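Colleague: For reference, the file upload01.csv (CSV, C-alpha atoms and all ligand atoms) is included below:
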chain,number,residue,atom,x,y,z
A,3,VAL,CA,21.4,67.1,76.7
A,4,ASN,CA,22.4,65.5,80.1
A,5,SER,CA,25.2,65.9,82.6
A,6,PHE,CA,27.3,62.7,81.9
A,7,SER,CA,30.8,63.7,80.9
A,8,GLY,CA,33.8,61.9,79.4
A,9,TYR,CA,31.9,58.8,78.0
A,10,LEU,CA,32.8,57.0,74.8
A,11,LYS,CA,29.8,56.5,72.5
A,12,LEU,CA,29.5,52.8,71.5
A,13,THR,CA,26.1,53.0,69.8
A,14,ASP,CA,23.1,55.3,69.4
A,15,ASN,CA,22.2,54.8,73.0
A,16,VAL,CA,25.1,53.2,74.9
A,17,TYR,CA,28.0,55.1,76.4
A,18,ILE,CA,31.0,53.8,78.5
A,19,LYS,CA,33.6,55.3,80.9
A,20,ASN,CA,36.4,54.1,83.1
A,21,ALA,CA,34.8,55.3,86.4
A,22,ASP,CA,33.9,54.3,89.9
A,23,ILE,CA,30.1,54.2,89.8
A,24,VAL,CA,29.9,55.5,93.4
A,25,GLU,CA,31.9,58.6,92.5
A,26,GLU,CA,30.1,59.0,89.2
A,27,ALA,CA,26.7,58.8,91.0
A,28,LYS,CA,27.7,61.3,93.7
A,29,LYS,CA,28.8,63.8,90.9
A,30,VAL,CA,26.0,63.4,88.4
A,31,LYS,CA,23.1,62.5,90.8
A,32,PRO,CA,21.4,60.7,88.0
A,33,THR,CA,17.7,59.9,88.0
A,34,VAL,CA,18.5,56.2,88.1
A,35,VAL,CA,21.6,54.3,89.3
A,36,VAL,CA,21.6,50.6,88.7
A,37,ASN,CA,22.8,48.3,91.5
A,38,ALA,CA,24.2,44.8,90.8
A,39,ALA,CA,21.8,43.2,93.3
A,40,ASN,CA,21.2,39.7,94.4
A,41,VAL,CA,17.7,38.3,95.1
A,42,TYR,CA,18.0,38.9,98.8
A,43,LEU,CA,19.2,42.5,98.4
A,44,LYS,CA,22.2,41.7,100.6
A,45,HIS,CA,24.6,44.3,99.5
A,46,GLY,CA,27.8,42.8,100.8
A,47,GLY,CA,30.4,43.3,98.1
A,48,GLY,CA,31.1,44.2,94.6
A,49,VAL,CA,29.2,47.1,93.2
A,50,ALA,CA,26.4,46.6,95.7
A,51,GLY,CA,28.7,46.6,98.7
A,52,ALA,CA,30.3,49.8,97.4
A,53,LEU,CA,27.0,51.6,96.7
A,54,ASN,CA,25.5,50.6,100.1
A,55,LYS,CA,28.7,51.7,101.9
A,56,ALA,CA,28.3,55.1,100.2
A,57,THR,CA,24.8,55.4,101.6
A,58,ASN,CA,26.0,54.8,105.2
A,59,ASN,CA,24.0,51.4,105.1
A,60,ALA,CA,20.7,53.2,104.5
A,61,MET,CA,20.3,51.2,101.3
A,62,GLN,CA,20.6,48.0,103.3
A,63,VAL,CA,18.1,49.1,105.9
A,64,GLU,CA,15.6,50.1,103.1
A,65,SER,CA,16.3,46.8,101.3
A,66,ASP,CA,15.7,44.6,104.4
A,67,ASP,CA,12.3,46.2,104.9
A,68,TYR,CA,11.5,45.6,101.2
A,69,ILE,CA,12.4,41.9,101.4
A,70,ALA,CA,10.5,41.5,104.7
A,71,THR,CA,7.4,42.8,102.9
A,72,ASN,CA,7.8,41.3,99.4
A,73,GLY,CA,10.2,38.4,99.6
A,74,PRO,CA,13.2,37.9,97.3
A,75,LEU,CA,13.5,39.1,93.7
A,76,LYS,CA,13.8,36.8,90.8
A,77,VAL,CA,17.1,36.2,89.0
A,78,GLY,CA,16.6,38.5,86.0
A,79,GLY,CA,14.2,40.8,87.9
A,80,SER,CA,14.4,44.1,89.5
A,81,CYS,CA,12.9,46.6,91.9
A,82,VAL,CA,13.0,50.4,92.2
A,83,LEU,CA,14.0,51.8,95.6
A,84,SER,CA,15.5,55.0,96.8
A,85,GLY,CA,18.7,56.3,95.4
A,86,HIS,CA,19.6,57.9,98.8
A,87,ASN,CA,22.4,60.4,98.5
A,88,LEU,CA,23.6,58.9,95.1
A,89,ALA,CA,20.6,59.3,92.7
A,90,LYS,CA,16.9,59.9,92.7
A,91,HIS,CA,16.2,56.2,92.4
A,92,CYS,CA,18.2,52.9,92.6
A,93,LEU,CA,17.1,50.2,90.2
A,94,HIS,CA,18.3,47.0,91.9
A,95,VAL,CA,18.8,44.5,89.0
A,96,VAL,CA,19.6,40.8,89.6
A,97,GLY,CA,21.9,39.4,86.9
A,98,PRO,CA,22.7,35.7,87.0
A,99,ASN,CA,25.6,34.8,89.3
A,100,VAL,CA,27.9,32.3,87.4
A,101,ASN,CA,29.5,31.4,90.7
A,102,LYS,CA,26.0,30.1,91.7
A,103,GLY,CA,25.3,28.1,88.6
A,104,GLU,CA,22.6,30.5,87.3
A,105,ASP,CA,21.5,30.5,83.6
A,106,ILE,CA,23.5,33.1,81.6
A,107,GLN,CA,20.5,33.4,79.2
A,108,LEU,CA,18.9,35.3,82.2
A,109,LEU,CA,21.3,38.1,81.5
A,110,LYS,CA,19.1,39.4,78.6
A,111,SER,CA,16.1,39.4,80.9
A,112,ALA,CA,18.1,41.3,83.5
A,113,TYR,CA,19.0,44.0,81.0
A,114,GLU,CA,15.4,44.3,79.8
A,115,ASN,CA,14.6,46.0,83.1
A,116,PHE,CA,16.7,49.0,81.9
A,117,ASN,CA,14.1,49.7,79.2
A,118,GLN,CA,11.7,50.9,81.8
A,119,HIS,CA,13.9,54.0,82.4
A,120,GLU,CA,14.8,56.6,79.8
A,121,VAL,CA,18.3,57.2,81.2
A,122,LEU,CA,20.5,55.2,83.6
A,123,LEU,CA,23.9,55.0,85.1
A,124,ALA,CA,24.9,51.4,85.4
A,125,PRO,CA,27.6,48.7,85.8
A,126,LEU,CA,27.9,45.8,83.5
A,127,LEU,CA,25.5,43.2,84.8
A,128,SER,CA,26.8,39.8,86.0
A,129,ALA,CA,30.4,41.2,85.7
A,130,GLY,CA,32.9,41.3,88.5
A,131,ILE,CA,32.1,38.9,91.4
A,132,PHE,CA,29.0,37.6,89.5
A,133,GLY,CA,31.5,35.7,87.3
A,134,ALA,CA,30.3,36.4,83.8
A,135,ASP,CA,32.5,37.5,80.9
A,136,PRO,CA,32.2,41.4,80.8
A,137,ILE,CA,32.7,41.4,77.1
A,138,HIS,CA,29.6,39.2,76.7
A,139,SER,CA,27.7,41.4,79.2
A,140,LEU,CA,28.5,44.5,77.1
A,141,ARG,CA,27.2,42.7,74.0
A,142,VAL,CA,24.0,41.7,75.6
A,143,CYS,CA,23.6,45.3,76.9
A,144,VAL,CA,24.0,46.8,73.5
A,145,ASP,CA,21.6,44.3,71.9
A,146,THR,CA,18.9,44.5,74.6
A,147,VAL,CA,18.8,48.0,76.1
A,148,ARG,CA,17.1,50.6,73.9
A,149,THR,CA,17.1,53.5,76.5
A,150,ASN,CA,20.1,55.7,77.2
A,151,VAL,CA,22.6,53.8,79.3
A,152,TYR,CA,25.9,55.2,80.7
A,153,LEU,CA,28.1,52.3,81.7
A,154,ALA,CA,30.7,52.8,84.5
A,155,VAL,CA,33.6,50.3,84.4
A,156,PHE,CA,35.8,50.4,87.5
A,157,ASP,CA,38.8,48.6,86.2
A,158,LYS,CA,40.9,50.6,83.7
A,159,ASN,CA,42.5,47.5,82.2
A,160,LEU,CA,39.0,46.0,81.6
A,161,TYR,CA,37.7,49.2,80.2
A,162,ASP,CA,40.4,49.3,77.6
A,163,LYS,CA,39.8,45.7,76.6
A,164,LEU,CA,36.0,46.3,76.3
A,165,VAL,CA,36.5,49.3,74.0
A,166,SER,CA,39.3,47.7,71.9
A,167,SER,CA,37.3,44.5,71.4
A,168,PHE,CA,33.9,46.2,70.8
A,169,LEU,CA,32.2,45.2,67.5
A,201,LIG,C1,35.6,55.2,101.2
A,201,LIG,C2,34.2,54.9,100.6
A,201,LIG,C3,33.1,55.6,101.0
A,201,LIG,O1,33.3,56.6,101.9
A,201,LIG,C4,31.8,55.3,100.5
A,201,LIG,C5,31.7,54.3,99.6
A,201,LIG,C6,32.8,53.5,99.2
A,201,LIG,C7,34.0,53.8,99.7
A,201,LIG,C8,35.2,53.0,99.2
A,201,LIG,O2,35.9,52.4,100.0
A,201,LIG,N1,35.3,52.8,97.9
A,201,LIG,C9,36.4,52.0,97.3
A,201,LIG,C10,36.8,52.5,95.9
A,201,LIG,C11,35.7,52.1,94.9
A,201,LIG,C12,35.4,50.6,94.9
A,201,LIG,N2,34.5,50.3,93.8
A,201,LIG,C13,34.2,49.0,93.5
A,201,LIG,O3,34.6,48.0,94.2
A,201,LIG,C14,33.4,48.8,92.3
A,201,LIG,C15,33.2,47.5,91.8
A,201,LIG,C16,32.6,47.3,90.6
A,201,LIG,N3,32.2,48.4,89.9
A,201,LIG,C17,31.6,48.6,88.7
A,201,LIG,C18,31.5,49.9,88.5
A,201,LIG,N4,32.0,50.6,89.6
A,201,LIG,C19,32.4,49.7,90.4
A,201,LIG,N5,33.0,49.9,91.6
A,201,LIG,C20,34.9,50.2,96.3
A,201,LIG,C21,35.9,50.5,97.3
As structure tokens - that is how I would like this structure written.
Modeller:
Amino acid sequence: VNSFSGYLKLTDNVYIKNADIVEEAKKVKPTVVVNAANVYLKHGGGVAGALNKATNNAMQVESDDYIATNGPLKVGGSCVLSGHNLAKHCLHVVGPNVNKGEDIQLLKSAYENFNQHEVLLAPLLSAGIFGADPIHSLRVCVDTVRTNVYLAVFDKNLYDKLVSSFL
């Protein structure tokens, strides 16, 4: 039993809700919140911009030190950093950005990072400003993630489309 509330169950392990991931994180304080990161951990907009804003820029400060030490992530890769005031940990995961020409096959590799964590609060990878089709992202999530994932979808219209079209 966990503290996530109001989710629709899609499969044995995947749950979905129309919710602002920032507000959901602040309420649940999950062990792991997933950020829709880029390789530079520059949290300017989208989910990353919103999460970072909620940390009063502490996420960005921590991220800049991480990059200065380690260099950029790989597309499809991830790193674990602090969750600040939102979660115990933040798993920064880089889905391919379609508006940069990156291979959509890398989306499965990106979701594989979730399997290293028993339970996660997450957005749909490569959705929103990353330019991929969120219906496809949900399909890859369901077919790749085996751990327990709670997906927060900000846009109500998109949420209804995702549920109504789910196979
Ligand atoms: C006032 C304030 C603070 O004090 C601290 C932090 C943020 C805000 C603030 O202005 N929040 C607003 C409202 C929520 C917005 N969410 C998104 O853009 C977003 C995009 C994609 N997503 C996928 C799942 N969830 C997602 N959410 C961002 C703008």
Colleague: If you count only C-alpha atoms and all ligand atoms, which residues end up within 6 Å of ligand LIG 201 (chain A), as a list in words?
Modeller: residues 22, 23, 48, 49, 52, 55, 56, 125, 154, 155 and 156 of chain A
Colleague: Find the residues around residue 93 (chain A) up to 6 Å (all atoms listed in the file counted), leave out those fewer than 4 positions away in its own chain, and share them as number ranges by chain.
Modeller: A: 36, 81-82
Colleague: Would you put the residues from that selection into a file with C-alpha atoms, as an mmCIF file, keeping the file's coordinate frame?
Modeller:
data_model
loop_
_atom_site.group_PDB
_atom_site.id
_atom_site.type_symbol
_atom_site.label_atom_id
_atom_site.label_comp_id
_atom_site.auth_asym_id
_atom_site.auth_seq_id
_atom_site.Cartn_x
_atom_site.Cartn_y
_atom_site.Cartn_z
ATOM 1 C CA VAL A 36 21.600 50.600 88.700
ATOM 2 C CA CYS A 81 12.900 46.600 91.900
ATOM 3 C CA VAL A 82 13.000 50.400 92.200
#
Colleague: Please provide the set of residues having any atom within 12 Å of residue 20 (chain A), restricted to only C-alpha atoms, with same-chain residues fewer than 2 positions apart removed, written as a ChimeraX atom specification.
Modeller: /A:7-10,17-18,22-23,25-26,125-126,152-165
Colleague: What's around residue 28 (chain A) at 8 Å? Count all atoms listed in the file, leave out sequence neighbours fewer than 6 positions away in its own chain, and write the answer as a list in words.
Modeller: residues 87, 88 and 89 of chain A
Colleague: Using Å and a single decimal, report how far CA of residue 62 (chain A) sits from CA of residue 29 (chain A).
Modeller: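 Between CA of residue 29 (chain A) and CA of residue 62 (chain A) the gap is 21.7 Å.
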Colleague: Would you kindly return, as number ranges by chain, each protein, DNA or RNA residue with an atom no farther than 12 Å from any atom of residue 94 (chain A), considering only C-alpha atoms and excluding same-chain residues fewer than 5 positions away?
Modeller: A: 34-45, 49-50, 53-54, 61-62, 64-65, 68, 74-85, 112-113, 115-116, 122-125, 127
Colleague: Tell me, as a PyMOL selection string, which residues lie within 9 Å of region 146-148 of chain A, counting all atoms listed in the file; anything in the same chain fewer than 6 positions away does not count.
Modeller: chain A and resi 14-16+110-111+113-117+120
Colleague: Next, dump the selected residues to file, keeping only C-alpha atoms, as a PDB file, in the frame of the given file.
Modeller:
ATOM      1  CA  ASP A  14      23.100  55.300  69.400  1.00  0.00           C
ATOM      2  CA  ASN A  15      22.200  54.800  73.000  1.00  0.00           C
ATOM      3  CA  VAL A  16      25.100  53.200  74.900  1.00  0.00           C
ATOM      4  CA  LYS A 110      19.100  39.400  78.600  1.00  0.00           C
ATOM      5  CA  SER A 111      16.100  39.400  80.900  1.00  0.00           C
ATOM      6  CA  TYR A 113      19.000  44.000  81.000  1.00  0.00           C
ATOM      7  CA  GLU A 114      15.400  44.300  79.800  1.00  0.00           C
ATOM      8  CA  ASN A 115      14.600  46.000  83.100  1.00  0.00           C
ATOM      9  CA  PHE A 116      16.700  49.000  81.900  1.00  0.00           C
ATOM     10  CA  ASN A 117      14.100  49.700  79.200  1.00  0.00           C
ATOM     11  CA  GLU A 120      14.800  56.600  79.800  1.00  0.00           C
TER      12      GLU A 120
END
Colleague: Grab the CA of residue 167 (chain A) to CA of residue 140 (chain A) distance for me, in Å with one decimal place.
Modeller: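 That distance, rounded to one decimal, is 10.5 Å.
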